[PDB]
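Q: Model the following, please.
(5 chains)
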Amino acid sequence: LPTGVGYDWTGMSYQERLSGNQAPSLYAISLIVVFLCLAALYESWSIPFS
Amino acid sequence: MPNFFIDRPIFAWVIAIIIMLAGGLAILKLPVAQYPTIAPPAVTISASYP
Amino acid sequence: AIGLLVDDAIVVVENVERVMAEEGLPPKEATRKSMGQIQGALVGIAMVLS
Amino acid sequence: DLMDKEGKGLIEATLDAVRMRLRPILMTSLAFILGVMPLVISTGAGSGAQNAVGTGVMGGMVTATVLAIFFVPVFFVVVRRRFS
Amino acid sequence: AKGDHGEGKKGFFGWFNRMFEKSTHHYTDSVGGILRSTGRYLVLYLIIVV
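A: Numbers count the residues shown, from 1 in each chain, chains lettered A, B, ... in the order given. Coordinates below:
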């Protein structure tokens, strides 16, 4: 486009929303917290993998 | 609370592991400035009769 | 949150049931040693579902 | 709690367990899968939400009950054996 | 009264309890029989992951 024309995203394009951004990171560290507490309950490292 | 922390090894481990995860996040989310905010508040009205 | 409640309640009841069917105890003793039998289970469960 | 309390090598432990748990699993499931049929059923006035919550739950429930009921006894014995 | 899995009582509940211990006996069998076969339903499980 011609010299002097810039662009910007506002509205719905500023933000960008949900699954595909970092929501499986949530599922992920949730899972890490889980295997942690399972290594607490079984006092193994394998056994939670069951 | 020792002899049971002494008997189940990974329990404490998981506890520390957690404490580090926390303090490690709270580094990323923590804003680095010089010192604390020190001065009283100064509000300031400012006009000009040219 | 109707499914994870009934699970806890039913666990609690059914294990005492089974214990009594199988051991011939009086209800309160059946449960006095059948509660002392599923405790850490529901516990970690609560500390992992969260 | 059959191994480190009694002394049963996993091959018999596991089966005694899955039999000792075979009723509760089935009840909780048969109660839940019905319980969330209200959601998947309602038409009009709030369906969309009710449905989209319900069906994911019901399906997800019927599979992980009829499958893990076979796999989990094995999930253990595969993980238990290889590493000890 | 120890051991009673509600068999010899009334009409439908009795036949239900009977058909039940029947079904979970057949079950314990079935899964004891998938127990001798560690590595087959592993192929099935991984396919499931895919």
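Q: Show me what counts as buried in the longest helix seen in chain E.
A: The single longest helix within chain E, with elements called by DSSP state H, is helix E:12-33. For helix E:12-33, a neighbour-count test (16 or more other CB atoms under 10 Å in any protein chain shown) marks E:17, E:20, E:24, E:27-28, E:31-32 as buried. C-betas here are computed from N, CA, C, even on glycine.
Q: How about the next helix or strand after that helix and chain A, touching?
A: Going down the chain from helix E:12-33, the next helix or strand is helix E:41-49, by DSSP states H and E. No. Under the criterion of CB under 8 Å from any CB of the partner chain, chain A is not reached by helix E:41-49; the shortest gap measures 12.5 Å.
Q: and what of stretch D:11-22?
A: No. If you take CB under 8 Å from any CB as the test, stretch D:11-22 misses chain A, and the best it gets is 10.1 Å.
Q: Show residues contacting that stretch.
A: C:18, D:2-3, D:6, D:8, D:69, D:72-73, D:76-77, E:24, E:27-28, E:31-32, E:35 (CB atoms under 8 Å, 6 or more residues apart in numbering or on different chains).
Q: For chain C, what's its nearest residue on chain E.
A: Closest contact between chain E and chain C, by CB to the nearest CB, is at residue E:2 (2.8 Å).
Q: count of residues packed around that residue?
A: Neighbour count of residue E:2, defined by other CB atoms under 10 Å in any protein chain shown: 9.
Q: Then the one 5 residues further on?
A: For residue E:7, the count of nearby residues is 14 (other CB under 10 Å).
Q: circling back: torsion angles phi and psi at the residue of chain E closest to chain C?
A: phi -40, psi 120 (degrees, to the nearest 10).
Q: Now do it against residue C:27, distance only.
A: 13 Å (CB to CB, to the nearest Å).
Q: ok, which residues in chain B are in contact with chain A?
A: B:8-11, B:14, B:17-18.
Q: so which helix or strand takes in the closest residue in space to residue E:45 that isn't next to it in sequence?
A: The shortest distance from residue E:45 to any non-neighbouring residue, by CB to CB, 6 or more residues apart in numbering or on different chains, is to residue D:71 (6.3 Å). If you go by DSSP H and E, residue D:71 is part of helix D:68-82.
Q: returning to what we had before: where do the contact lists of residue E:2 and residue C:27 overlap?
A: With CB under 8 Å, 6+ apart as the test, residue E:2 and residue C:27 both reach residue C:20.
Q: Which residues are in contact with residue C:12?
A: C:35, C:38, C:42.
Q: wait, residue E:18 sits on residue E:9?
A: No. Look at residue E:18 against residue E:9 with CB atoms under 8 Å: they stay out of range, at 10.3 Å.
Q: for the chain, longest helix please?
A: No chain in the question, so chain A it is. The longest helix of chain A (DSSP H) is helix A:23-41.
Q: hmm, I had chain C in mind actually
A: helix C:3-23.
Q: Check which residues of it are buried.
A: C:7, C:10-12, C:14-21.
Q: quick one: contacts of the longest helix of chain A?
A: Here helix A:23-41 has contacts from A:45, A:47-48, B:10-11, B:14, B:17-18, C:40, C:44, C:47-48, using CB under 8 Å, 6+ apart.
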